[PDB]
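Worksheet: the structure to be examined is printed underneath.
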Ligand SMILES: Nc1nc2c(ncn2[C@H]2C[C@H](O)[C@@H](COP(=O)(O)OP(=O)(O)OP(=O)(O)O)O2)c(=O)[nH]1
Ligand SMILES: Nc1nc2c(ncn2[C@H]2C[C@H](O)[C@@H](COP(=O)(O)OP(=O)(O)OP(=O)(O)O)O2)c(=O)[nH]1
Ligand SMILES: [Mn+2]
Ligand SMILES: [Mn+2]
């Protein structure tokens with residue numbers, strides 16, 4: 001039974017609002033989420049994190065913020081058309097949506113603005129630098145089995161004892177969690193553990209795009225081969241992800257129903273907007289582009305792109321994209337809106353193992369067209385490719401810079417935590433001080449909650465120590481990471 | 001004259017507008033289409049690089065023009081929602097025509113909130129300064145205030161007051177003031193229409209006219225619209241466009257659009273407060289240091305009062321007993337919330353209270369002017385900021401550099417304003433002229449969109465006219481003011497350095 005009053009939860013993790021509440025009171029609860037997200041520095045920090053073009057110095061190219069805001073308007077159009085199209089059938093009052101029309105919209109808009117919020121300084125190359133740097137240190141490939149036997153892992157406590165323990169299972173989880181950083185998983189850690197934004201459970205579920213646990217070592221399941229594409233949460237949040245699996249009526253590895261609207265609005269706006277930037281960064285011409293599209297496929301091309309191409313020609317360039325946007329928007333937003341209503345049962349359970357755009361439909365054929373033109377003629381450009389190469393070194397150098405903090409022993413590091421300045425560790429003292437306090441309080445809070453006596457305690461302290469470091473790096477700008485790297489290499 | 005919002009919340013455009021009936025769902029769609037143009041406009045992306053109080057702030061954690069205009073967007077929402085909700089309960093809504101125009105009411109504010117500042121020049125009020133100063137040295141409007149005569153300090157020729165009329169010295173008199181009175185807002189109106197051409201819905205385009213004074217106004221203002229005409233809100237280049245806009249919305253001369261008063265409020269409130277949040281981030285002072293500046297800035301506080309409900313309230317809430325970024329990040333969203341819960345409705349009421357003078361558009365006040373213990377709160381920041389935030393020496397210095405950057409940039413392109421009409425016109429037609437190598441290449445730099453507006457507007461002239469030379473020059477300096485003003489802090493900075501051969 002599709003009852004959206006049972007999913008759109010307006011309760012919080014802390015200081016929750018309780019009991020009853022008007023249709024207007026439940027609104028103001030979600031209007032408080034808007035003010036919490038818009039005024040957040042983590043959303044401001046996006047005008048300096050990069051989307052497609054690293055460090056692009058002309059504002060006319062989209063950043064993560066201007067992109068996320070355009071996703072926000074596409075999700076509004078999709079949500080408003082699902083409410084209108086589902087109102088053509090009046091199934092709203094049958095689905096519990098008769099009094100949750102605003103929260104339906106608002107959660108999408110807000111969780112559209114908050115994807116990507118946890119992405120590291122250099123896009124898929126921050127992710128790369130981090131996982132690669134941690135694999136070389138704590139090889140998760142070796143802990144896969146049992147034993148045993150020549151364990152190539154530089155951490156002592158995390159090497160598998162030959163030596164069997166069920167505490168060797170903790171070892172296995174940690175080694176794979178830390179080597180599988182993901183913007184989506186780090187986004188959940190960001191809003192809860194690090195920012196403590198409070199927020200409604202619904203809004204916090206609207207940013208959970210993936211359901212695979214980072215520590216997942218086994219490359220399974222079929223039923224959920226798509227929703228478990230990338231990790232969506234870390235070992236450090238297994239508990240929080242459980243409290244939400246309850247609060248939103250989600251099954252294990254099941255997604256929130258409104259996440260599918262954002263994912264559609266995300267894919268829809270980056271495909272076209274990246275080609276708009278490419279022409280602005282003068283990688284090619286409006287004409288040059290058109291032929292790339294034609295050589296890439298009466299059909300849909302004529303309905304959408306050909307349509308805008310002839311309309312553009314007697315700014316022919318302004319002109320070109322204003323329509324291409326509209327034509328794509330007029331044909332793909334309704335396809336998504338209906339495809340949502342069509343598969344609503346599996347989407348409400350959050351088990352639907354496909355994306356809102358069907359590789360079958362000619363409508364999805366249009367999206368893969370836009371993405372393949374960009375992959376061949378934009379993401380392959382050499383100025384993009386080296387800024388990609390530079391960022392991988394910046395982040396990998398930052399990690400090696402701070403490696404001496406991961407080298408200390410539990411006693412020596414804990415000493416450094418309490419004694420802010422330790423005499424015999426001047427270098428580690430000053431390195432520790434560079435770590436943002438927010439990131440430091442999260443390590444303290446989580447380690448305080450541990451059993452001091454436990455034989456697993458040393459293993460958890462190191463996990464949260466490595467997670468504290470990953471929190472620092474990832475919570476950085478493209479630009480702040482580059483400056484810090486140069487400052488600390490004594491070249492600036 | 002009855003408060004009827006069917007006569008204001010229009011659904012028409014100036015170009016390729018739809019006509020006929022239109023369902024309530026059709027009217028929402030028509031304003032949601034505007035939304036897609038404003039958000040997807042490059043003119044708004046250009047804000048993540050424009051200055052907000054802090055020039056070229058190198059950490060995203062400080063606000064730009066986009067992030068500030070974004071937070072203002074949310075303050076106008078929280079006010080329309082409290083203005084209309086209070087109106088549906090009493091009486092009414094349907095008696096004002098808002099029963100079917102509820103979504104458009106919100107969307108108009110929300111969108112025209114993102115679009116203030118859209119016309120602001122690269123270096124804030126110092127772009128405004130650098131531009132008016134550089135043009136005053138050329139076209140002294142001080143001399144053409146009266147008649148004659150007698151030694152016109154005007155550096156142009158076809159613009160000196162002659163003489164010996166010519167009752168066309170009034171056109172001269174008008175232009176000599178318009179170009180010396182560029183304004184972030186008046187340039188915003190030119191921007192959405194003449195230059196960017198989004199064709200926005202007359203209602204939406206009325207929500208951005210924060211002022212009603214024409215730039216060419218050479219008078220000492222009136223007494224009724226003695227507020228709404230503090231600064232210019234439009235240029236002579238749009239005198240006609242504002243006529244048709246004043247009609248479609250049934251506005252009398254110098255009367256504001258009813259939703260603009262909401263916008264000033266969303267603006268007034270988001271900056272003053274957010275600026276102090278940044279100052280603390282920039283370590284100018286501490287959240288503690290800040291406080292002292294507030295109660296030492298307050299007056300007649302005595303005992304229980306407003307300061308206590310809002311800032312005192314947040315002061316004790318901050319010093320432990322909750323945190324999650326440790327007292328400061330805490331102090332700020334309480335101070336934000338407290339200021340918001342106790343001010344958004346107050347403003348909301350002021351709207352409903354004077355809604356006739358506010359809807360007929362004549363109310364010579366803003367929804368936060370009166371000596372109410374609530375305006376007293378705004379001035380507190382506002383005055384705390386002007387003394388200990390905007391006066392910092394690193395802020396004052398980058399303001400000085402920006403004045404030089406924009407001022408040199410105008411002097412670099414000064415050669416195009418010196419050519420004669422026939423000389424300039426030739427360079428326009430044949431994009432490349434042989435005896436003007438320097439002037440040709442300077443011309444190619446002037447981004448097209450700005451150029452098309454010069455051709456478009458001049459083509460529409462009477463070439464035979466004795467006015468034609470003077471209109472050619474107005475539209476020429478506007479083409480230059482358009483190029484400069486439509487620049488980022490950083491692009492204007494790089495251009496000055498690229499063209500001074502220092503980088
Ligand atoms: N320069 C460059 N840009 C890329 C590359 N791949 C993607 N982009 C741009 C285009 C899009 O804005 C975005 C594409 O990747 P996303 O990870 O944002 O898409 P997707 O939704 O599949 O990932 P997600 O599920 O969010 O983790 O970045 C690349 O390899 N190089
Ligand atoms: N750095 C610096 N910032 C200033 C100064 N005066 C104002 N600001 C900043 C602080 C506020 O963000 C904002 C105040 O002016 P606005 O341009 O936003 O003014 P106003 O509310 O009069 O509306 P308007 O812009 O006239 O439409 O600009 C100054 O002297 N220095
Ligand atoms: Mn995205
Ligand atoms: Mn403002």
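Quick rundown of the values:
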{"quantity": "Filtered residue count, segment B:49-64, keeping only those that are crowded, with 22+ Cβ neighbours inside 10 Å and facing another protein chain (nearest Cβ under 10 Å)", "calculated": "5"}
{"quantity": "Given (1) within 24 Å of the chain's Cα centre (by Cα); (2) within 14 Å of another protein chain (Cβ to nearest Cβ), number of the condition residue A:27 does not satisfy", "calculated": "(1)"}
{"quantity": "Some residue of segment A:377-388 being closer than 30 Å to residue B:327 by Cβ and more than 14 Å from every other protein chain (Cβ to nearest Cβ)", "calculated": "no"}
{"quantity": "Matching residues, segment B:65-74, being within 16 Å of ligand 2 (Cβ to nearest atom) and at the interface with chain A (Cβ under 9 Å from one of its Cβ atoms)", "calculated": "B:66, B:67, B:70, B:71, B:73"}
{"quantity": "Residue check, residue A:61 touching a helix residue (DSSP H, G or I) at 6+ places or on another chain (Cβ under 8 Å), within 16 Å of ligand 3 (Cβ to nearest atom) and farther than 21 Å from residue B:33 by Cα", "calculated": "yes"}
{"quantity": "Given (1) facing another protein chain (nearest Cβ under 8 Å); (2) closer than 30 Å to residue A:276 by Cβ, index of the condition residue B:78 fails", "calculated": "(2)"}
{"quantity": "Failed item, numbered, when residue A:42 is tested on (1) within 7 Å of chain B (Cβ to nearest Cβ); (2) surrounded by fewer than 20 Cβ atoms within 10 Å (Cβ to Cβ); (3) under 19 Å from the mean Cα position of the chain (by Cα)", "calculated": "(1)"}
{"quantity": "Test for residue A:22: is it farther than 23 Å from residue A:371 by Cα and more than 9 Å from every other protein chain (Cβ to nearest Cβ)", "calculated": "yes"}
{"quantity": "Conditions (1) part of a helix (DSSP H, G or I); (2) buried (at least 20 other Cβ atoms within 10 Å of the Cβ): number failed by residue B:487", "calculated": "(1)"}
{"quantity": "All positions within segment B:44-76 that are more than 14 Å from ligand 4 (Cβ to nearest atom) and part of a loop (DSSP other than H, G, I, E, B)", "calculated": "B:55, B:56, B:57, B:58, B:59, B:60, B:61, B:62"}
{"quantity": "Close pairs from segment B:197-214: first within 14 Å of chain A (Cβ to nearest Cβ), partner away from ligand 3 (no atom under 16 Å from the Cβ) and part of a loop (DSSP other than H, G, I, E, B), Cβ under 6 Å, at least 6 apart", "calculated": "B:199/B:13; B:199/B:15"}
{"quantity": "Output for segment B:227-283, where each listed residue is within 22 Å of residue B:385 (Cα to Cα), surrounded by fewer than 22 Cβ atoms within 10 Å (Cβ to Cβ) and away from ligand 4 (no atom under 16 Å from the Cβ)", "calculated": "B:280, B:281, B:282, B:283"}
{"quantity": "Only listed residue being closer than 30 Å to residue B:492 by Cβ and more than 16 Å from ligand 4 (Cβ to nearest atom), chosen from B:35, B:6", "calculated": "B:35"}
{"quantity": "Test: residue in segment A:307-317 that is in a loop (DSSP other than H, G, I, E, B), more than 16 Å from ligand 2 (Cβ to nearest atom) and more than 14 Å from chain B (Cβ to nearest Cβ)", "calculated": "yes"}
{"quantity": "Residue within segment B:155-165 that is closer than 22 Å to residue B:245 by Cβ and touching a helix residue (DSSP H, G or I) at 6+ places or on another chain (Cβ under 6 Å) present", "calculated": "no"}
{"quantity": "Members of segment A:71-126 that are more than 16 Å from ligand 1 (Cβ to nearest atom) and in contact with a strand residue (DSSP E or B) (Cβ under 9 Å, 6 or more places away or on another chain)", "calculated": "A:103, A:107"}
{"quantity": "Condition broken by residue B:134, with the remaining ones in (1) buried (at least 24 other Cβ atoms within 10 Å of the Cβ); (2) in a helix (DSSP H, G or I) satisfied", "calculated": "(1)"}
{"quantity": "Hey, residue A:325 within 27 Å of the chain's Cα centre (by Cα) and closer than 23 Å to residue A:377 by Cα or not", "calculated": "yes"}
{"quantity": "Check on residue A:477, surrounded by 14 or more Cβ atoms within 10 Å (Cβ to Cβ) and either closer than 29 Å to residue A:183 by Cα or touching a strand residue (DSSP E or B) at 6+ places or on another chain (Cβ under 9 Å) (or both)", "calculated": "yes"}
{"quantity": "Members of segment A:101-121 that are more than 15 Å from ligand 3 (Cβ to nearest atom) and not in a helix (DSSP H, G or I)", "calculated": "A:121"}
{"quantity": "In segment B:450-464, the residues that are within 14 Å of residue B:476 (Cα to Cα) and touching a helix residue (DSSP H, G or I) at 6+ places or on another chain (Cβ under 9 Å)", "calculated": "B:450, B:451, B:452, B:453, B:454, B:455, B:456, B:457, B:458, B:461"}
{"quantity": "Residue check for residue A:36: more than 16 Å from the chain's Cα centre (by Cα), facing another protein chain (nearest Cβ under 8 Å) and within 13 Å of ligand 1 (Cβ to nearest atom)", "calculated": "no"}
{"quantity": "Selected residue (criterion: farthest from residue B:269 (Cα to Cα)) from residues of segment B:318-332 that are surrounded by 20 or more Cβ atoms within 10 Å (Cβ to Cβ) and within 9 Å of chain A (Cβ to nearest Cβ)", "calculated": "B:329"}
{"quantity": "Matching residues in segment A:372-389 - criterion: being surrounded by 16 or more Cβ atoms within 10 Å (Cβ to Cβ) and part of a helix (DSSP H, G or I)", "calculated": "A:373, A:374, A:377, A:384, A:387, A:388"}
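Let's see how each residue does on (1) more than 16 Å from residue A:215 (Cα to Cα); (2) part of a loop (DSSP other than H, G, I, E, B); (3) more than 16 Å from ligand 2 (Cβ to nearest atom); (4) within 14 Å of chain B (Cβ to nearest Cβ):
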residue: A:83; (1), (2), (3), (4): yes, no, yes, yes
residue: A:94; (1), (2), (3), (4): yes, no, yes, no
residue: A:155; (1), (2), (3), (4): yes, yes, yes, no
residue: A:158; (1), (2), (3), (4): no, yes, yes, no
residue: A:171; (1), (2), (3), (4): no, no, yes, no
residue: A:176; (1), (2), (3), (4): no, no, yes, no
residue: A:186; (1), (2), (3), (4): no, no, yes, no
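Matching residues to (1) buried (at least 23 other Cβ atoms within 10 Å of the Cβ); (2) touching a strand residue (DSSP E or B) at 6+ places or on another chain (Cβ under 6 Å); (3) closer than 27 Å to residue A:121 by Cβ:
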position: A:156; (1), (2), (3): no, no, no
position: A:161; (1), (2), (3): no, no, no
position: A:166; (1), (2), (3): no, no, no
position: A:172; (1), (2), (3): no, no, no
position: A:177; (1), (2), (3): yes, no, yes
position: A:180; (1), (2), (3): yes, yes, yes
position: A:195; (1), (2), (3): no, no, yes
position: A:202; (1), (2), (3): yes, no, no
position: A:205; (1), (2), (3): yes, no, yes
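All of the numbers you see were taken from the coordinates with simple rules; none came from a lab. Virtual Cβ from ideal backbone geometry, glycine too; neighbours counted across all protein chains shown.
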